[PDB]
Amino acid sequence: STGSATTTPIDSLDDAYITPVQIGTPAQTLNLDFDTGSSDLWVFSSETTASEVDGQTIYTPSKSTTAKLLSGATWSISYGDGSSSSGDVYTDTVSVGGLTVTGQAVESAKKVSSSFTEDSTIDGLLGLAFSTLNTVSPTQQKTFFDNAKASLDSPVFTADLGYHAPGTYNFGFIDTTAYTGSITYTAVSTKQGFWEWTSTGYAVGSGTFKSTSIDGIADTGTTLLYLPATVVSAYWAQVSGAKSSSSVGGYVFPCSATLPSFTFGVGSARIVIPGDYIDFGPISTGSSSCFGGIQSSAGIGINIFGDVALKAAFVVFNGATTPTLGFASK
């Protein structure tokens, strides 16, 4: 089997991407944030504290003839940005782009933190990291991809995120029309539960490529590109007036600037992030200070190849017995 679903930016800055997901019988369609940096499929629901729902579409398990309470199961997740959610668990039929999994754990939120309430466009998360990170207790549950993978024509999914435009998540096949050149594959460590790999270096604009190993994770659920402070300083030094602002929480730059590109290495191959992808717009409405799309990972403990990087590539998440990642230009 295969599936193919369009993923759409939630706003004009590509702050996140939402993909429609059918849950239950009859189908209830929710727009979920596909997140290769976490491993829980959780949704706003009829159980979510009413004051914490503000415009999201909710899953109502009592209206689904295939929903079953997973007795005694609870879940609770805290993400790196300090956001969180928790609740109980149903199993139900879940379909993405024509690919159907029966018995998928659907984690129903009883509580969500403020930043989830405030994103009216995101009805929940669909985790695509490794199932070892799933938070369901006392019986850990599998991701949608892990449940689907035996049925898939090939045990892979691909992320093809657009810059200020829709893109595609495919399951079970690699669309050879969706990229240019060849896909370069690179090793993955699953030891932390992430799609963790080692980039071979970077270049800033037209500058020379610096060969240096940068371990990090391919995380569709993170907006920006978080890299070591040395790398990020070298990037922003090429932008007149750019500075790190403690009050804003990262590098800012004059909105009048034209940003240089940023290249990252995948083996001997190179992915070029155009400068415009690194512009996240005014720090506040009407400001002439703009927020940068490349930020330091120094306070995080891990480097993160988020959407800023991934959207410049066609990315293969290969879930074979030994997982690997593949990157192609497009």
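Think of the rigid core as the biggest set of C-alphas that the two forms share within 1.5 Å after superposition. In case it trips you up, residue 1 is the first one in the sequence shown, and so on.
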With the rigid core as the fit anchor, does 282-290 or 264-272 show bigger C-alpha shifts in 9 other deposited structures of this protein? 282-290
Taking only the CA atoms, which stretch has the higher mean B-factor in the record, 78-86 or 181-189? 78-86
Can you let me know which of the two, 234-242 or 145-153, has the higher average C-alpha B-factor in the entry? 145-153
By the entry's C-alpha temperature factors, tell me which of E107, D119, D160, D219 sits highest. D119
In the PDB entry, which of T168, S211, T223, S95 has its C-alpha at the highest B-factor? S211
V136 by Cα B-factor - lowest, middle or highest third of the modelled chain: middle
Split the chain's modelled residues into thirds by Cα B-factor; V248 lands in the highest
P228 CA temperature factor, ranked by third within the chain: lowest
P20 by Cα B-factor - lowest, middle or highest third of the modelled chain: lowest
When the modelled residues of the chain are sorted by Cα temperature factor, does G306 land in the lowest, middle or highest third? lowest
